[PDB]
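Chemist: here is the sequence, then the experimental structure:
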Amino acid sequence: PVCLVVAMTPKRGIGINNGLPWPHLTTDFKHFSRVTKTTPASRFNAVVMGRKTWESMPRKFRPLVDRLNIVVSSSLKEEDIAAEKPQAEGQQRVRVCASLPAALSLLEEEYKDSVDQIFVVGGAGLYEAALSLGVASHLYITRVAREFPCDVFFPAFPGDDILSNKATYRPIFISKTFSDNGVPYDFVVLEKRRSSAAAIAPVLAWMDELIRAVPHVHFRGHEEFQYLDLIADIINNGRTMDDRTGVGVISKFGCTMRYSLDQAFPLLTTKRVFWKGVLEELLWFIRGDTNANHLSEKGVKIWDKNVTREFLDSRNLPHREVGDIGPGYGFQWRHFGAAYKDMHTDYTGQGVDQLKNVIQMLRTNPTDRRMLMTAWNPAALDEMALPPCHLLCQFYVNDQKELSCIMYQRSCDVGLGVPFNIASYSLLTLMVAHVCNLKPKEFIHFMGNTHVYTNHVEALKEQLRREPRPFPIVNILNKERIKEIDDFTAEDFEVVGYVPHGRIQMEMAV
Amino acid sequence: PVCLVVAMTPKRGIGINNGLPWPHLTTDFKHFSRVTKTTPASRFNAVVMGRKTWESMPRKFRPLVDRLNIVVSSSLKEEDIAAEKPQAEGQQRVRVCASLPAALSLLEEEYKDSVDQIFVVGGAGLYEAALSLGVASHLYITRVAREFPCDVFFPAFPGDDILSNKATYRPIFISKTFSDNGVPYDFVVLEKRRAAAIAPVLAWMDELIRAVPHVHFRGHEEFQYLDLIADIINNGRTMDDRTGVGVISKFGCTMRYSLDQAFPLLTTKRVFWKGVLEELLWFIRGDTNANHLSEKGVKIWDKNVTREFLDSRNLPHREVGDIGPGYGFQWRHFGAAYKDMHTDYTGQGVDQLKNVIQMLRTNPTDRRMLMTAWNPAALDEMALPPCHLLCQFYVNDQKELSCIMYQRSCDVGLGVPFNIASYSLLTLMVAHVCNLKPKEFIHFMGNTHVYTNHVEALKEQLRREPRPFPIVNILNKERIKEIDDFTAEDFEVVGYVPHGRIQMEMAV
Ligand SMILES: NC(=O)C1=CN([C@@H]2O[C@H](COP(=O)(O)OP(=O)(O)OC[C@H]3O[C@@H](n4cnc5c(N)ncnc54)[C@H](OP(=O)(O)O)[C@@H]3O)[C@@H](O)[C@H]2O)C=CC1
Ligand SMILES: NC(=O)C1=CN([C@@H]2O[C@H](COP(=O)(O)OP(=O)(O)OC[C@H]3O[C@@H](n4cnc5c(N)ncnc54)[C@H](OP(=O)(O)O)[C@@H]3O)[C@@H](O)[C@H]2O)C=CC1
Ligand SMILES: C#CCN(Cc1ccc2[nH]c(N)nc(=O)c2c1)c1ccc(C(=O)N[C@@H](CCC(=O)O)C(=O)O)cc1
Ligand SMILES: C#CCN(Cc1ccc2[nH]c(N)nc(=O)c2c1)c1ccc(C(=O)N[C@@H](CCC(=O)O)C(=O)O)cc1
Ligand SMILES: Nc1ncc(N2CCN(c3ccc(Cl)c(Cl)c3)CC2)c(N)n1
Ligand SMILES: Nc1ncc(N2CCN(c3ccc(Cl)c(Cl)c3)CC2)c(N)n1
Ligand SMILES: O=c1ccn([C@H]2C[C@H](O)[C@@H](COP(=O)(O)O)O2)c(=O)[nH]1
Ligand SMILES: O=c1ccn([C@H]2C[C@H](O)[C@@H](COP(=O)(O)O)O2)c(=O)[nH]1
């Protein structure tokens, strides 16, 4: 009974020029070491590797310490390796076998009572052989989110859908996303499938009491499970209600999520998120721009259905031009309380610049607890095309110059809006962190009326069948040029290692 | 090995005039039945009771079905009981014994292989006898939070600190607060003390202060607050602060409290209720004169409206006691031009409270039922920027009202228990005025922290196990039709039995 351990690009790439495709991934090596070395005493674990894999390792690390080293080869001889370096006391002698079945028989014959767990460590020859023999029970895969140039590949296998879009190997473990040297990765484990509290228990018994996302995944480290469990939760336990749009709603009240920003970026992978949109909208907010046609001209039509002549009239605003959101979001952000006229007016210097206040406070007095920005203006609500959903955000600096952000959202379209909102404010945190010389730490999402529309239910149930991929990294390009929040452009950002599942069509409740 | 099963007032009272002191508590009766009946087949449980207990039960329910009934009496005889009512099919014949030891001997002698668990069910003679013999391994106590006239009391026992203020019996289970017929109560259980291949990956990913760690089932909703305290001290970050006093803080924390059964006025330290009620009415008035609270014995705003603090805020034109355009003001007059605490602002600004209520009364599915105190245009005019800055309301299928409150800065030691009670009361008030049922209060916290000069007192607080939550009743319901109709005397707190007050200085 054998276990395989691999690091892999989304296209199954494992190596190039008898070396690793990526820069050093320290956490991955910690992982490789820990899994292969650990045992309950008398016994040790075995690592079976191909000849080139052996030769790819640098001298000082070979043989792998505290593990029996077996090299599958026909050219290399046991004495070749012995002559390579003197065998350290207490360590096992490096054995060589002609094939994998040979290496397994050697383990059975001379190493019973001596070895615990057998690990196939590479390369493509041994991985393919172990899969052909079907002797592999578990796969320890490190999913390198980025694609690199590779000449050697891990073989295709049933269940390789965990890497990229297309007896089975099903994920039973998915971790949160890590990152080393600008490379995002996570860890999955696949499986071959084909009177103490006893007396307390009866009171427990009478007090005690359907849809789950990828139920087989037992360890749910990936931070996207928050969102997937949130959808299930609302469908399971939510209340069917009437709604402004006329479309049905299953709603919940006061839900919550939080996402790390220090390793990777929470751009949801279980469906493709329109990143061009979030970026272009966020920048639009930051200008204090209130013309939806500027977004519409860039291919970002997210506000068009809510700025039509028809919708502006149902809002009792016949004096609004097509594309005028009124003084919402960006306007209150940069010009709180200023008297609105139209989208074409210059409001420079009017009202309160909340964003500039927050940023200056972050830069001088980061322990202040009044670092808040609100879009909710009860005086101007009837002038907006739609009252803001994400209406407030608060900032917080800790011991280690690490920035976190809370955003309150009164109304959350789980299916369509939520993934977008997570990305939009997580980006804002990165931007503010850079400008104030801070490290981004965490985005915290506080949700009011949290709902899925009835016409989304079927699509979301399909989405729950997909296991999340590692999160991407978002890099700020041109860091030296950008010094203020108004310096960011649409070309100052790089999404690296984004490998989502396919787009899912969901109609915007108008 | 015996288990006791009881319902009890905070003063140990259990009976009056050979009957129960309180109105009918249906959930307790369900509890009693379930605990005493349940078995894994071949066996049944035994209920040992005194003669007066047996006589207190109504005819139809006695003997207790599917349980061997043992009555302790020198007067009553086995044939008296037999003649009383015809023995039904499959039910044990009621047995009479001269003492508790005798009844336990009868269980050993004639009922080995037959009975599973033995339950002492009352009353005053048996409980005391069982505790004296030291044969009780577990106590099933239903803590009735209200006091009632009683002539029969459960005996004083080591660890009766779970009932009220002053081998051992330690709680190992505390449930959420229930209520029936205007009586709050909960359930405690005391105790005599005196896929492996996944794991290697888990271990490498991995790397002190806990409240009442011995209590293993943590159903009581106050555990949220208590665990929040522990969580900040363990995992919080020590920080500088506006007040110069040290702070250990976390960011973005949540709690939620049910309002359908009881009221989350914390029990692990006494909460200044008079204060919460007086301030909340003061908010609803749109009143910005802290001297109106101060005159009523509510001095919570005094330190922040002194001549000195007003000047440190660069407001030398502010008369002592003037919070500027604070919460009350923004609620009823959002965006109105402020003069001083003596001016009438009727008809000025937006009345957010009136809008929220009317929307709840006419269109409860609307998702814009919000009230905000945060006005960035007027922050520099206020004595203190609002901490609780935003609240949102929600109505469900069953006309049940829930309320979220976002707070930017949380003094966990001092402010938080006050704020939980404050907005929970607002929800009750708003529910009443809009013909609705209060369901839930949800607490969203920004900067969550405990001041360094509170940590010692908070550790003392964590050694206290919570008591059942009290009930808040709105008196004079008929008279009250609008949110402005509530007075100080329209409220009644029922069965509030907290631990002693803990002194904690306000970081000025
Ligand atoms: N990131 C990851 O997960 C890993 C990546 N890698 C990368 O991949 C590369 C190594 O992979 P690869 O090129 O496939 O090298 P291999 O380790 O598969 O080397 C092939 C050699 O091993 C022996 N061998 C291989 N297959 C068989 C077989 N079916 N039967 C008998 N003997 C066999 C032979 O030795 P002989 O010549 O004596 O016949 C053969 O020449 C390196 O570039 C390395 O960086 C490697 C391991 C893990
Ligand atoms: N809140 C609760 O959970 C409960 C409350 N109650 C309340 O308590 C009231 C009665 O309780 P209480 O007054 O204690 O009556 P008990 O149930 O203790 O019965 C007393 C009688 O039982 C016999 N007895 C009990 N203990 C002994 C002993 N150690 N040695 C000898 N004989 C014994 C005697 O019978 P005799 O004199 O005939 O020889 C005695 O008169 C009930 O009316 C009810 O209202 C009762 C049960 C549970
Ligand atoms: C939230 C927000 C900003 N907004 C503004 C906006 C305005 C009114 C709304 N109204 C309703 N009912 N739901 C919304 O999500 C919504 C969103 C958006 C509007 C549309 C799309 C949209 O059509 N979907 C994208 C997919 C992006 C995604 O995966 O989320 C697309 O491909 O067109 C996205 C964001
Ligand atoms: C929050 C809030 C409202 N407020 C207003 C208020 C104003 C400034 C503040 N400043 C600081 N630093 N912490 C606070 O908790 C605080 C609270 C209060 C102020 C004081 C007390 C107080 O002295 N303690 C009460 C005990 C009540 C309780 O158990 O919470 C007392 O007995 O005097 C309570 C509430
Ligand atoms: N997740 C995961 N990372 C690396 C490996 N290995 C691939 C190559 N390899 C290795 C060891 C040490 C060094 Cl220094 C070098 Cl350059 C290569 C042996 C271990 C694996 N099997 N799984
Ligand atoms: N937790 C806890 N609740 C109730 C009881 N009682 C059960 C026995 N008892 C009783 C039972 C049923 C009826 Cl109908 C009557 Cl009138 C009295 C008196 C109170 C207890 N022993 N423990
Ligand atoms: O940033 C946003 C803005 C809007 N919405 C969705 C949620 C609600 O379904 C709808 C808001 O319209 P009202 O129902 O609040 O009128 O749009 C979002 O999810 N995110
Ligand atoms: O309703 C309130 C108001 C204030 N505070 C606490 C939180 C902060 O510790 C302090 C206010 O200080 P600043 O927010 O002004 O820094 O008082 C509360 O707990 N509740």
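Modeler: It's in. Numbering: from 1, shown residues only, chains lettered A, B, ... in the order given. Ligands and ions are numbered 1, 2, ... in the order given.

Chemist: for stretch A:37-54, buried residues please.
Modeler: Residues A:37, A:44, A:45, A:46, A:47, A:48, A:49, A:50, A:51, A:52, A:53, A:54 are the ones in stretch A:37-54 that count as buried (16 or more other C-beta atoms under 10 Å in any protein chain shown). The C-beta positions use only the backbone N, C-alpha and C, and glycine is treated the same way.

Chemist: please save the CA atoms from it in PDB.
Modeler: What follows is stretch A:37-54, C-alpha atoms only, in PDB (Å, rounded to 0.1, in the frame of the first residue of the first chain):
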ATOM      1  CA  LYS A  37       9.600  11.400   7.800                       C
ATOM      2  CA  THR A  38       6.900  11.100  10.400                       C
ATOM      3  CA  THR A  39       6.200   7.800  12.100                       C
ATOM      4  CA  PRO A  40       4.600   6.700  15.500                       C
ATOM      5  CA  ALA A  41       9.400   4.100  17.800                       C
ATOM      6  CA  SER A  42      11.000   1.100  16.000                       C
ATOM      7  CA  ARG A  43      10.200   1.900  12.300                       C
ATOM      8  CA  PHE A  44      11.000   4.300   9.400                       C
ATOM      9  CA  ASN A  45       9.400   5.400   6.100                       C
ATOM     10  CA  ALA A  46      10.700   4.500   2.600                       C
ATOM     11  CA  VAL A  47      11.100   6.900  -0.400                       C
ATOM     12  CA  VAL A  48      11.100   5.300  -3.900                       C
ATOM     13  CA  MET A  49      12.400   7.500  -6.600                       C
ATOM     14  CA  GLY A  50      13.500   7.400 -10.300                       C
ATOM     15  CA  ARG A  51      17.200   7.800 -11.300                       C
ATOM     16  CA  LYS A  52      16.800  11.300 -12.700                       C
ATOM     17  CA  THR A  53      14.900  12.400  -9.600                       C
ATOM     18  CA  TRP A  54      17.900  11.200  -7.500                       C
END
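
Chemist: phi, psi for the closest residue to ligand 2 within the stretch 101-250 of chain A please.
Modeler: Nearest residue of the stretch 101-250 of chain A to ligand 2 (C-beta to the nearest ligand atom) works out as residue A:203 at 15.0 Å. Reported as degrees, to the nearest 10, the phi and psi values for residue A:203 are phi -70, psi -40.

Chemist: same deal with residue A:175?
Modeler: Note on residue A:175: backbone dihedrals following degrees, to the nearest 10 are phi -90, psi 170.

Chemist: tell me, how many residues neighbour it?
Modeler: Residue A:175 has 22 neighbouring residues, counting by other C-beta atoms under 10 Å in any protein chain shown.

Chemist: ditto for residue A:439
Modeler: Neighbours around residue A:439, by other C-beta under 10 Å: 14.

Chemist: list the beta-bridge partners for it.
Modeler: residue A:402 (DSSP bridges).

Chemist: give the contact list for it.
Modeler: A:262, A:400, A:401, A:402, A:403, A:433 (C-beta atoms under 8 Å, 6 or more residues apart in numbering or on different chains).

Chemist: residue A:14 and residue A:153 touch, don't they?
Modeler: Yes. With contact defined as C-beta atoms under 8 Å, residue A:14 counts as touching residue A:153 (6.2 Å).

Chemist: and these two? Which one has more around it.
Modeler: Neighbour totals were compared for residue A:14 and residue A:153, and residue A:14 leads with 22 against 17 (other C-beta under 10 Å).

Chemist: name the element residue A:90 belongs to?
Modeler: Following DSSP states H and E, one finds residue A:90 outside all helices and strands.

Chemist: can you count the residues close to it?
Modeler: The burial count assigned to residue A:90 is 6, neighbours taken as other C-beta under 10 Å.

Chemist: that older thread, out of the contacts of residue A:439, the closest to residue A:253 would be?
Modeler: Comparing the contacts of residue A:439 against residue A:253 with C-beta to C-beta places residue A:403 closest, at 28.7 Å.

Chemist: for that closest one, what are its contacts?
Modeler: The contact partners of residue A:403, taken as C-beta under 8 Å, 6+ apart, are A:362, A:395, A:396, A:397, A:429, A:432, A:433, A:436, A:438, A:439, A:440, A:441.

Chemist: redo these as a markdown table? Include secondary structure and distance to ligand 6.
Modeler: Below are these laid out as a markdown table (DSSP: H, G, I helix; E, B strand; the rest coil; distance: C-beta to the nearest ligand atom, whole Å):
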| residue | secondary structure | distance to ligand 6 |
| --- | --- | --- |
| A:362 | helix | 56 |
| A:395 | strand | 51 |
| A:396 | strand | 47 |
| A:397 | strand | 52 |
| A:429 | helix | 53 |
| A:432 | helix | 57 |
| A:433 | helix | 56 |
| A:436 | coil | 59 |
| A:438 | coil | 57 |
| A:439 | strand | 55 |
| A:440 | strand | 54 |
| A:441 | strand | 49 |
